[PDB]
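See below for structure06.cif, which holds mmCIF, C-alpha atoms and all ligand atoms.
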```cif
data_protein
loop_
_atom_site.label_atom_id
_atom_site.label_comp_id
_atom_site.auth_asym_id
_atom_site.auth_seq_id
_atom_site.Cartn_x
_atom_site.Cartn_y
_atom_site.Cartn_z
CA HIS A 1 -65.18 123.56 -1.76
CA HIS A 2 -62.07 121.46 -1.69
CA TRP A 3 -60.94 118.32 0.17
CA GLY A 4 -61.85 117.75 3.79
CA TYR A 5 -62.88 115.01 6.21
CA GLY A 6 -66.67 114.81 5.59
CA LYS A 7 -68.67 112.12 3.74
CA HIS A 8 -68.50 113.96 0.40
CA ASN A 9 -64.90 115.15 0.38
CA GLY A 10 -63.10 112.87 2.88
CA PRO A 11 -60.10 110.52 2.47
CA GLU A 12 -61.91 108.16 0.10
CA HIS A 13 -62.47 111.02 -2.39
CA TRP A 14 -58.99 112.53 -2.34
CA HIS A 15 -57.59 110.41 -5.10
CA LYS A 16 -59.84 112.22 -7.62
CA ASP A 17 -57.79 115.41 -7.23
CA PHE A 18 -54.54 113.94 -5.88
CA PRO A 19 -53.99 110.70 -7.76
CA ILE A 20 -50.84 109.88 -5.74
CA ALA A 21 -53.42 109.04 -2.93
CA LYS A 22 -53.18 105.57 -4.38
CA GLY A 23 -49.39 105.56 -4.61
CA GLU A 24 -46.64 103.24 -3.57
CA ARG A 25 -45.56 105.04 -0.38
CA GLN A 26 -48.67 106.59 1.32
CA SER A 27 -49.10 107.48 5.01
CA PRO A 28 -50.34 106.75 7.52
CA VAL A 29 -49.87 102.96 8.02
CA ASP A 30 -50.54 100.40 10.64
CA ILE A 31 -47.35 99.61 12.54
CA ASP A 32 -47.35 95.83 13.10
CA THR A 33 -45.00 95.63 16.11
CA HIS A 34 -44.13 91.98 15.47
CA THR A 35 -43.23 92.55 11.79
CA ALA A 36 -41.11 95.72 12.37
CA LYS A 37 -37.40 94.78 12.17
CA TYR A 38 -35.14 95.96 15.00
CA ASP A 39 -32.28 97.67 13.22
CA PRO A 40 -29.15 97.93 15.40
CA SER A 41 -27.63 100.34 12.78
CA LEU A 42 -30.26 103.06 13.58
CA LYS A 43 -28.79 106.02 15.52
CA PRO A 44 -30.47 107.76 18.48
CA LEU A 45 -32.74 110.58 17.32
CA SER A 46 -31.31 114.00 17.91
CA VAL A 47 -34.00 116.54 18.78
CA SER A 48 -32.53 120.03 19.40
CA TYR A 49 -35.35 122.38 20.17
CA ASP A 50 -33.37 124.47 22.75
CA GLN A 51 -33.53 127.60 20.60
CA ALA A 52 -37.01 126.99 19.03
CA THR A 53 -38.91 130.13 18.12
CA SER A 54 -42.69 129.73 17.89
CA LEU A 55 -44.41 132.61 16.15
CA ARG A 56 -48.07 131.99 15.56
CA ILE A 57 -50.98 129.58 15.80
CA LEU A 58 -53.40 129.12 12.92
CA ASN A 59 -56.70 127.32 12.23
CA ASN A 60 -56.24 126.45 8.50
CA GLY A 61 -59.59 124.72 8.28
CA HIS A 62 -58.18 121.12 8.64
CA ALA A 63 -56.26 121.36 11.88
CA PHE A 64 -54.36 124.00 13.82
CA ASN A 65 -50.72 124.66 13.20
CA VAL A 66 -48.26 126.13 15.59
CA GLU A 67 -45.61 127.74 13.30
CA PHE A 68 -41.92 128.26 14.00
CA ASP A 69 -39.22 130.58 12.68
CA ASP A 70 -37.40 128.31 10.23
CA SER A 71 -35.09 131.06 8.80
CA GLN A 72 -32.21 129.58 10.93
CA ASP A 73 -31.06 126.23 12.36
CA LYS A 74 -32.82 126.88 15.66
CA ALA A 75 -35.01 123.77 16.14
CA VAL A 76 -33.60 120.74 14.26
CA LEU A 77 -33.99 116.98 13.98
CA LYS A 78 -30.90 114.99 13.05
CA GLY A 79 -29.63 111.45 13.63
CA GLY A 80 -32.06 108.56 13.73
CA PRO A 81 -32.55 107.28 10.12
CA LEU A 82 -31.91 110.79 8.71
CA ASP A 83 -28.86 112.15 6.81
CA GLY A 84 -28.38 115.81 7.30
CA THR A 85 -30.45 118.33 9.16
CA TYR A 86 -34.18 119.07 9.15
CA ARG A 87 -35.66 122.33 10.44
CA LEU A 88 -38.97 122.51 12.42
CA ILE A 89 -41.48 124.53 10.52
CA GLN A 90 -44.82 123.62 12.28
CA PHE A 91 -46.60 121.18 14.42
CA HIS A 92 -50.26 120.15 14.41
CA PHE A 93 -52.49 117.29 15.64
CA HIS A 94 -55.09 114.86 14.22
CA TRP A 95 -57.82 113.77 16.69
CA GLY A 96 -61.16 112.07 17.01
CA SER A 97 -64.72 112.81 17.87
CA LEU A 98 -64.28 110.19 20.67
CA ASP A 99 -61.24 108.93 22.60
CA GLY A 100 -61.35 105.59 20.70
CA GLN A 101 -60.10 107.12 17.47
CA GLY A 102 -58.16 110.02 16.21
CA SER A 103 -54.62 108.89 15.44
CA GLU A 104 -53.42 108.42 11.84
CA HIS A 105 -50.82 105.78 12.49
CA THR A 106 -52.10 102.77 14.42
CA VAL A 107 -50.05 100.23 16.48
CA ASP A 108 -51.17 96.60 15.91
CA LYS A 109 -54.46 98.14 14.79
CA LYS A 110 -54.80 100.23 18.03
CA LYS A 111 -56.11 103.82 17.45
CA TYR A 112 -54.95 106.52 19.90
CA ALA A 113 -57.17 109.54 20.81
CA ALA A 114 -54.90 111.82 18.81
CA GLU A 115 -51.54 112.19 17.11
CA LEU A 116 -49.02 115.04 17.11
CA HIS A 117 -46.91 115.75 14.01
CA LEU A 118 -43.77 117.91 14.30
CA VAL A 119 -42.93 118.66 10.68
CA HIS A 120 -39.32 119.36 9.61
CA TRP A 121 -37.72 120.08 6.21
CA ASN A 122 -34.30 119.00 4.85
CA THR A 123 -32.09 122.14 4.96
CA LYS A 124 -30.29 120.97 1.77
CA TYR A 125 -33.36 121.93 -0.25
CA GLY A 126 -33.48 125.46 1.13
CA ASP A 127 -37.18 125.90 1.79
CA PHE A 128 -40.23 123.80 2.66
CA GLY A 129 -41.85 124.21 -0.78
CA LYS A 130 -38.74 122.70 -2.52
CA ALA A 131 -38.31 119.93 0.12
CA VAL A 132 -41.82 118.50 -0.43
CA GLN A 133 -40.83 117.79 -4.06
CA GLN A 134 -38.07 115.47 -2.87
CA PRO A 135 -38.11 111.85 -1.63
CA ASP A 136 -36.09 112.74 1.47
CA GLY A 137 -37.47 116.20 1.77
CA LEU A 138 -39.39 116.05 5.07
CA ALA A 139 -38.95 114.39 8.43
CA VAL A 140 -42.17 114.16 10.46
CA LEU A 141 -41.98 113.19 14.14
CA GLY A 142 -45.24 111.47 15.15
CA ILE A 143 -46.29 111.17 18.81
CA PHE A 144 -49.45 109.33 20.02
CA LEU A 145 -51.77 110.98 22.53
CA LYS A 146 -53.73 108.83 25.00
CA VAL A 147 -56.27 110.16 27.45
CA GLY A 148 -55.36 110.06 31.18
CA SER A 149 -53.26 112.60 33.21
CA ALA A 150 -52.95 116.08 31.67
CA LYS A 151 -49.82 117.16 29.80
CA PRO A 152 -48.86 120.47 31.51
CA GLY A 153 -46.81 121.48 28.47
CA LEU A 154 -49.81 121.23 26.16
CA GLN A 155 -52.00 123.60 28.26
CA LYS A 156 -50.74 126.82 26.64
CA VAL A 157 -51.78 125.43 23.24
CA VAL A 158 -55.25 124.39 24.50
CA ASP A 159 -55.91 127.71 26.20
CA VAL A 160 -55.40 129.75 23.02
CA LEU A 161 -57.80 127.64 20.82
CA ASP A 162 -60.78 129.95 21.90
CA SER A 163 -59.11 132.72 19.88
CA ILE A 164 -58.73 130.67 16.61
CA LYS A 165 -62.07 128.86 16.59
CA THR A 166 -62.79 129.07 12.85
CA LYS A 167 -60.89 128.63 9.54
CA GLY A 168 -58.37 131.39 8.74
CA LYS A 169 -58.13 132.72 12.27
CA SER A 170 -54.63 133.15 13.70
CA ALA A 171 -53.09 134.28 16.92
CA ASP A 172 -49.70 135.36 18.10
CA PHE A 173 -47.99 132.42 19.75
CA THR A 174 -44.52 133.14 20.95
CA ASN A 175 -42.19 131.51 23.44
CA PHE A 176 -43.90 128.13 23.21
CA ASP A 177 -41.50 125.25 24.04
CA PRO A 178 -42.31 122.10 21.97
CA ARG A 179 -40.00 120.05 24.19
CA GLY A 180 -42.89 119.85 26.69
CA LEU A 181 -44.90 117.77 24.18
CA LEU A 182 -42.31 114.88 24.04
CA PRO A 183 -42.62 111.65 26.00
CA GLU A 184 -39.62 110.42 28.13
CA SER A 185 -38.33 107.85 25.67
CA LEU A 186 -37.16 108.50 22.08
CA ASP A 187 -37.55 104.84 20.92
CA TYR A 188 -39.14 105.02 17.47
CA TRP A 189 -40.27 103.16 14.35
CA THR A 190 -39.37 104.62 10.95
CA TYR A 191 -40.51 104.06 7.38
CA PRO A 192 -40.73 106.16 4.16
CA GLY A 193 -44.16 107.66 3.46
CA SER A 194 -46.05 110.79 2.55
CA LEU A 195 -47.92 113.90 3.69
CA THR A 196 -51.14 112.61 5.15
CA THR A 197 -53.18 115.59 3.78
CA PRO A 198 -53.34 116.61 0.15
CA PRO A 199 -51.22 117.03 -1.85
CA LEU A 200 -50.12 113.68 -0.27
CA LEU A 201 -46.57 114.04 -1.65
CA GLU A 202 -44.27 111.12 -1.15
CA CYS A 203 -41.54 113.19 0.56
CA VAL A 204 -41.58 112.00 4.19
CA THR A 205 -39.29 109.94 6.42
CA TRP A 206 -41.72 109.11 9.19
CA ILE A 207 -40.30 108.77 12.71
CA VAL A 208 -43.09 107.57 15.03
CA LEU A 209 -42.29 107.43 18.79
CA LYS A 210 -43.17 104.17 20.57
CA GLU A 211 -44.14 105.92 23.86
CA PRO A 212 -47.42 107.92 23.81
CA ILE A 213 -47.93 111.11 25.78
CA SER A 214 -50.82 111.23 28.15
CA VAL A 215 -53.28 114.19 27.81
CA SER A 216 -56.44 114.88 29.88
CA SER A 217 -59.99 114.39 28.71
CA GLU A 218 -60.52 118.20 29.22
CA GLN A 219 -57.48 118.98 26.99
CA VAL A 220 -58.70 116.82 24.09
CA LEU A 221 -62.28 118.14 24.63
CA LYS A 222 -60.94 121.67 23.87
CA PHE A 223 -59.52 120.41 20.51
CA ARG A 224 -63.01 119.17 19.61
CA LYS A 225 -64.56 122.65 20.11
CA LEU A 226 -62.71 124.05 17.16
CA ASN A 227 -64.48 124.42 13.75
CA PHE A 228 -63.59 123.36 10.18
CA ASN A 229 -65.79 126.18 8.78
CA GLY A 230 -65.12 129.90 8.79
CA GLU A 231 -66.67 132.57 11.05
CA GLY A 232 -70.38 133.02 10.39
CA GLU A 233 -70.80 129.70 8.53
CA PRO A 234 -72.80 126.58 9.63
CA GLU A 235 -70.83 125.17 12.54
CA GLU A 236 -68.99 122.01 11.67
CA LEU A 237 -66.94 120.71 14.62
CA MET A 238 -63.25 120.00 13.73
CA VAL A 239 -63.16 116.31 14.76
CA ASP A 240 -62.05 113.12 13.00
CA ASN A 241 -59.46 115.05 10.91
CA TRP A 242 -57.34 111.82 10.46
CA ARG A 243 -56.62 109.80 7.35
CA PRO A 244 -57.07 106.04 8.00
CA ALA A 245 -54.20 103.57 7.52
CA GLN A 246 -53.07 103.02 3.95
CA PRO A 247 -51.57 99.88 2.29
CA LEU A 248 -47.96 99.25 3.43
CA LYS A 249 -47.17 97.63 0.01
CA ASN A 250 -43.44 97.26 -0.69
CA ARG A 251 -42.15 98.85 2.61
CA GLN A 252 -40.40 97.78 5.74
CA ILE A 253 -40.98 99.41 9.10
CA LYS A 254 -37.69 99.52 11.14
CA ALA A 255 -37.52 99.82 14.97
CA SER A 256 -34.78 101.59 16.84
CA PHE A 257 -35.25 99.28 19.85
CA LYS A 258 -35.22 95.56 20.75
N1 LIG B 1 -60.81 115.20 -4.42
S1 LIG B 1 -61.43 116.15 -3.27
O1 LIG B 1 -61.39 115.47 -2.01
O2 LIG B 1 -60.73 117.43 -3.30
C1 LIG B 1 -63.01 116.50 -3.58
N2 LIG B 1 -63.46 117.62 -4.16
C2 LIG B 1 -64.83 117.63 -4.23
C3 LIG B 1 -65.49 116.51 -3.73
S2 LIG B 1 -64.28 115.43 -3.12
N1 LIG B 2 -50.01 115.40 8.24
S1 LIG B 2 -48.51 115.60 7.84
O1 LIG B 2 -47.52 115.87 8.86
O2 LIG B 2 -48.13 114.41 7.15
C1 LIG B 2 -48.44 116.88 6.74
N2 LIG B 2 -49.13 116.85 5.64
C2 LIG B 2 -49.01 118.02 4.89
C3 LIG B 2 -48.12 118.97 5.43
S2 LIG B 2 -47.51 118.33 6.90
ZN ZN B 3 -50.31 115.55 10.32
#
```
Could you spell out this file's structure in structure tokens?
Amino acid sequence: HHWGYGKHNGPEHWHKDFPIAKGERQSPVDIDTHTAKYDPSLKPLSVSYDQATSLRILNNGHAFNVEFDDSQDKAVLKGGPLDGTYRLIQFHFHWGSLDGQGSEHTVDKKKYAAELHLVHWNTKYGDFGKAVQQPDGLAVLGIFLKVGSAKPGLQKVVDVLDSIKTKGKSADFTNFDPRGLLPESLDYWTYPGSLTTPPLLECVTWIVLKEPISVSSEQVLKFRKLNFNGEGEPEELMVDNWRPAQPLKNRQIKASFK
């Protein structure tokens, strides 16, 4: 047994094993659109996923991760609020049991049906494990999912979920293009924060896109068929795997747009 999202091991318990849960720069947060300062010094985000190499998809018991080859500068995030270059290592999502909840960040208290996280690590620290020990170690791009028209570029991900239903299952997952998960606009808010699962390390520059992607009800339904438990255990549907908003405290949310 370990941390999870249930009544006995969920977000409100995490602090007992990861005391930084109560720290000064925790994620997610509510993005108050009227308090976020437009910052004309922010650069456009640079997302270069042209040469991205997906390798595998994994159910790790808390979400599913699509993993990338990060042994070269093939899929990088640069510009925006960032200095230097961050390599894509994985993406995953957080979603709800119902369309009314599921996102981690909220926007003037609005919850989206899900949220995508494309996780990148600062190439000056050499590997992901070293980056997470650093205040500017990670750059996570957050994208909101709302339910409406399907996202054609998500379908390949939903169709493989049958094969990784339970914890520890993985499947080959090559030639997936993450550029088909982006919305049209790259307007963003940014603030310094943390991993939103344990160990909750305060290593993240969060870059959250203003424009949501639209996904179909059937697509998000297929997320909710996955399982937190392993094969041949009591079936526990993988839903509501989001941490609620944490105290903003001494932080400013900047906007890249007016
Ligand atoms: N702090 S924790 O979420 O890992 C936890 N372990 C057992 C019950 S709650
Ligand atoms: N949910 S997240 O992107 O902040 C993340 N947490 C741990 C590894 S990646
Ligand atoms: Zn996440």
Quick one: pull the distance between CA of residue 130 (chain A) and CA of residue 70 (chain A), Å, one decimal.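 Separation between CA of residue 130 (chain A) and CA of residue 70 (chain A): 14.0 Å.
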Can you tell me which residues come within 7 Å of ligand ZN 3 (chain B) when counting all atoms listed in the file, ideally as a VMD selection string? chain A and resid 92 to 94 116 to 117 196
Can I get the selected residues back with C-alpha atoms, as an mmCIF file, in the frame of the given file?
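Written out: selection-v9.cif:
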```
data_model
loop_
_atom_site.group_PDB
_atom_site.id
_atom_site.type_symbol
_atom_site.label_atom_id
_atom_site.label_comp_id
_atom_site.auth_asym_id
_atom_site.auth_seq_id
_atom_site.Cartn_x
_atom_site.Cartn_y
_atom_site.Cartn_z
ATOM 1 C CA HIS A 92 -50.260 120.150 14.410
ATOM 2 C CA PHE A 93 -52.490 117.290 15.640
ATOM 3 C CA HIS A 94 -55.090 114.860 14.220
ATOM 4 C CA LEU A 116 -49.020 115.040 17.110
ATOM 5 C CA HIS A 117 -46.910 115.750 14.010
ATOM 6 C CA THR A 196 -51.140 112.610 5.150
#
```
For ligand LIG 2 (chain B), I'd like the enclosing box, axis-aligned and padded by 6 Å on every side, reported as AutoDock Vina command-line options with centre and edge lengths in Å to one decimal.
```
--center_x -48.8 --center_y 116.7 --center_z 6.9 --size_x 14.5 --size_y 16.6 --size_z 16.0
```
Can I get the residues close to ligand LIG 2 (chain B) as a list in words, where close means within 7 Å and we count only C-alpha atoms and all ligand atoms?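 Result of the 7 Å neighbour search around ligand LIG 2 (chain B): residues 117, 118, 119, 140, 194, 195, 196, 197, 198 and 200 of chain A.
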Which residues sit within 9 Å of ligand LIG 1 (chain B), counting all atoms listed in the file, listed as a VMD selection string? chain A and resid 1 to 5 7 to 19 198
Fewer than 4 positions away in the same chain doesn't count, so skip those; otherwise give me all residues within 10 Å of residue 142 (chain A), counting only C-alpha atoms, as a VMD selection string. chain A and resid 91 93 103 to 105 115 to 119 182 188 to 190 206 to 210 212
Protein, DNA and RNA residues within 12 Å of (-55.9, 128.1, 22.2), only C-alpha atoms, as a ChimeraX atom specification: /A:56-59,64-66,154-166,169-173,219-220,222-226
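With all atoms listed in the file as the basis for measurement, A:199 is the residue among A:176, A:199, A:78, A:38 that approaches residue 129 (chain A) most closely.
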Close residues, region 107-112 of chain A itself excluded, 9 Å, only C-alpha atoms, min 3 positions apart in chain, as a count of residues only: 21
What does the distance between CA of residue 249 (chain A) and CA of residue 23 (chain A) come to in Å, to one decimal place?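 Between these atoms lies a distance of 9.4 Å.
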From A:39, A:131, A:167, A:82, residue lying nearest residue 235 (chain A) [only C-alpha atoms]: A:167
Using the partial input, fill out region 52-76 of chain A with N, CA, C and O atoms; write the result as a short mmCIF file (atom, residue, chain, number, x, y, z; two decimals), in the frame of the given file.
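So the final result, stored in out08.cif, reads:
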```cif
data_model
loop_
_atom_site.label_atom_id
_atom_site.label_comp_id
_atom_site.auth_asym_id
_atom_site.auth_seq_id
_atom_site.Cartn_x
_atom_site.Cartn_y
_atom_site.Cartn_z
N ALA A 52 -35.80 126.93 19.89
CA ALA A 52 -37.01 126.99 19.03
C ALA A 52 -37.70 128.34 19.23
O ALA A 52 -37.83 128.85 20.38
N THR A 53 -38.13 128.91 18.11
CA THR A 53 -38.91 130.13 18.12
C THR A 53 -40.31 130.02 17.53
O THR A 53 -40.50 130.21 16.29
N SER A 54 -41.31 129.76 18.39
CA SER A 54 -42.69 129.73 17.89
C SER A 54 -43.12 131.15 17.58
O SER A 54 -42.63 132.10 18.23
N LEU A 55 -43.95 131.30 16.55
CA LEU A 55 -44.41 132.61 16.15
C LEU A 55 -45.91 132.81 16.25
O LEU A 55 -46.40 133.87 16.70
N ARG A 56 -46.66 131.81 15.76
CA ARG A 56 -48.07 131.99 15.56
C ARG A 56 -48.80 130.65 15.64
O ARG A 56 -48.19 129.60 15.43
N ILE A 57 -50.11 130.72 15.86
CA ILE A 57 -50.98 129.58 15.80
C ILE A 57 -52.14 129.89 14.85
O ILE A 57 -52.73 131.01 14.87
N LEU A 58 -52.43 128.93 13.99
CA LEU A 58 -53.40 129.12 12.92
C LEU A 58 -54.42 127.96 12.78
O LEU A 58 -54.04 126.80 12.72
N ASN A 59 -55.69 128.29 12.63
CA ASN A 59 -56.70 127.32 12.23
C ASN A 59 -56.78 127.40 10.70
O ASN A 59 -57.21 128.44 10.17
N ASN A 60 -56.34 126.36 9.99
CA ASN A 60 -56.24 126.45 8.50
C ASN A 60 -57.43 125.70 7.92
O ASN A 60 -57.42 125.25 6.75
N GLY A 61 -58.45 125.47 8.75
CA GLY A 61 -59.59 124.72 8.28
C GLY A 61 -59.50 123.19 8.26
O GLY A 61 -60.51 122.52 7.98
N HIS A 62 -58.31 122.62 8.55
CA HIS A 62 -58.18 121.12 8.64
C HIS A 62 -57.59 120.70 9.96
O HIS A 62 -57.89 119.62 10.44
N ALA A 63 -56.81 121.58 10.56
CA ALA A 63 -56.26 121.36 11.88
C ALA A 63 -55.80 122.74 12.37
O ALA A 63 -56.15 123.77 11.75
N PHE A 64 -55.04 122.78 13.45
CA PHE A 64 -54.36 124.00 13.82
C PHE A 64 -52.84 123.79 13.83
O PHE A 64 -52.31 122.74 14.28
N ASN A 65 -52.14 124.77 13.26
CA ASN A 65 -50.72 124.66 13.20
C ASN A 65 -50.12 125.65 14.08
O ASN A 65 -50.45 126.85 14.03
N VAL A 66 -49.16 125.20 14.85
CA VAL A 66 -48.26 126.13 15.59
C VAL A 66 -46.98 126.24 14.72
O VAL A 66 -46.27 125.23 14.50
N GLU A 67 -46.70 127.46 14.25
CA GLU A 67 -45.61 127.74 13.30
C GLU A 67 -44.37 128.28 13.97
O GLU A 67 -44.45 129.03 14.99
N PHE A 68 -43.22 127.90 13.42
CA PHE A 68 -41.92 128.26 14.00
C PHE A 68 -41.10 129.10 13.00
O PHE A 68 -41.37 129.05 11.82
N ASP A 69 -40.19 129.92 13.50
CA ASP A 69 -39.22 130.58 12.68
C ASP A 69 -38.23 129.55 12.15
O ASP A 69 -37.49 128.91 12.94
N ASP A 70 -38.26 129.31 10.84
CA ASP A 70 -37.40 128.31 10.23
C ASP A 70 -36.34 129.03 9.33
O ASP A 70 -35.83 128.43 8.39
N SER A 71 -36.06 130.30 9.61
CA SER A 71 -35.09 131.06 8.80
C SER A 71 -33.65 130.79 9.32
O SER A 71 -32.67 131.23 8.71
N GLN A 72 -33.52 130.03 10.42
CA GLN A 72 -32.21 129.58 10.93
C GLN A 72 -32.31 128.22 11.57
O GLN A 72 -33.42 127.72 11.81
N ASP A 73 -31.15 127.64 11.88
CA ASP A 73 -31.06 126.23 12.36
C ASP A 73 -31.37 126.12 13.86
O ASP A 73 -30.62 125.47 14.64
N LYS A 74 -32.47 126.71 14.25
CA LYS A 74 -32.82 126.88 15.66
C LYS A 74 -33.56 125.70 16.36
O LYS A 74 -33.47 125.51 17.62
N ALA A 75 -34.29 124.93 15.59
CA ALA A 75 -35.01 123.77 16.14
C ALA A 75 -34.81 122.68 15.07
O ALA A 75 -35.44 122.73 14.04
N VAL A 76 -33.92 121.73 15.31
CA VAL A 76 -33.60 120.74 14.26
C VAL A 76 -33.69 119.29 14.76
O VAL A 76 -33.48 119.02 15.99
#
```
